[PDB]
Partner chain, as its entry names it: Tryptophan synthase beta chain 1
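Have a look below at one chain only, the form deposited without its partner chain, in C-alpha cells format.
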C-alpha cells in the first residue's frame, strides 16, 4: 500500500484528544508513505508498554470509537496518504463487522489491521473487507512459523505487518530473523514494527528488506510526554530517523 523505503507513523486515535491527533497527522504527512491510526482499547495486551499507555490516556480523556472516523475524514480534506486503521476485534465485533468496515471505507480508510482477529473469523472477515473495499493488513511476530506466514500472505491484500514485542537499544536478532524469513515467503510488501528509536535502525531495516518501517513508540512516547504540544518534537524525531 506504500512506496518502498516508506516511514509509516503510528498514532493512537484521541491521544490526548482527537483534534491533536489530527494535528500530528497533518504535521507528519510530508514524511509518511502511509499511516497507522490506532483505535484505543481497554485491554491492549498485544502492545508494548508505551503504546498501551497511549490507549489508557485516550480512553481516560474520553475517546469514542467513531471519533477515529472523524480524524480520518478531516485528514482526507488535506491528504490522500494511505491510512490503515489498527484495532482490537472487540470494538468491531460489537459494532458489527460490515457496518464498521463500510463506515471506515466511507471515511477514507484504505486498510484495516485487527490485532487479535480470531482465526475462526479470519475467513468471513477478509471476504467482508474485500466486499467493502478495505484492504487487509495481518500481523505476525517472531514466534510465527513459516507455514503461518504463508497463510497470512495469501489472505493479505494490503501488506504484512511484522512486529516484535522484544523491544531493544538494538533490534533483536529474533526480529531480524522474522524479517529475513518473511521476505523469503511474502509476495505482499512487509512493514516492520520493531520499536525503532535511532537512525541506524531505519537504515538497517530498509537495507535488510523491509519495504516500510513503522514508527509508533518513538512518536507516542513524545505524545504522552508533550501532549498537544508534541507536534514540533514529532517532526524533529521523524527527521532524525530519516537522516534529515
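Residue numbers count along the first chain shown, from 1.
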**Report entry** Deposited residues lacking coordinates between residue 107 and residue 108 (none, 1 to 3, 4 to 9, 10 or more)
**Finding:** none
Query - Higher-B stretch (mean Cα B-factor, as the entry records it), 151-159 or 125-133 - result: 125-133
**Report entry** Mean C-alpha temperature factor, higher of 40-48 and 63-71
**Finding:** 63-71
Query raised in the report: Out of 144, 87, 79, 174, which residue has the highest Cα temperature factor in the PDB record?
Result: 79
Requested in this report: Using the entry's values, work out which of 220, 25, 13, 230 has the largest Cα B factor.
Outcome: 230
**Report entry** residue 182, C-alpha B-factor rank within chain (lowest, middle or highest third)
**Finding:** middle
Query raised in the report: Among the modelled residues of its chain, does the C-alpha B-factor of residue 31 lie in the lowest, middle or highest third?
Result: middle
**Report entry** Cα B factor band for residue 115 (lowest, middle or highest third within the chain)
**Finding:** middle
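If you look for the form deposited with its partner chain bound, you will not find it shown, but the lines that follow are about it.
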Requested in this report: Check whether residue 212 has any heavy atom within 4.5 Å of a heavy atom of its partner chain in the deposited complex, and answer yes or no.
Outcome: no
Query raised in the report: in the deposited complex, does residue 46 have a heavy atom within 4.5 Å of its partner chain?
Result: yes
**Report entry** 4.5 Å heavy atom contact, residue 99 and its partner chain in the deposited complex
**Finding:** no
Query raised in the report: Looking in the deposited complex, any heavy atom of residue 105 within 4.5 Å of its partner chain?
Result: no
Query - Whether 64, 90 and 139 all lie within 4.5 angstroms of its partner chain in the deposited complex by heavy atom - result: yes
Query raised in the report: in the deposited complex, which of the stretches 54-62, 28-36, 193-201, 212-220 has residues with heavy atoms within 4.5 Å of its partner chain?
Result: 54-62
Query raised in the report: Using a 4.5 Å cut on heavy atoms, which of 148, 130, 73, 78 is close to its partner chain in the deposited complex?
Result: 148
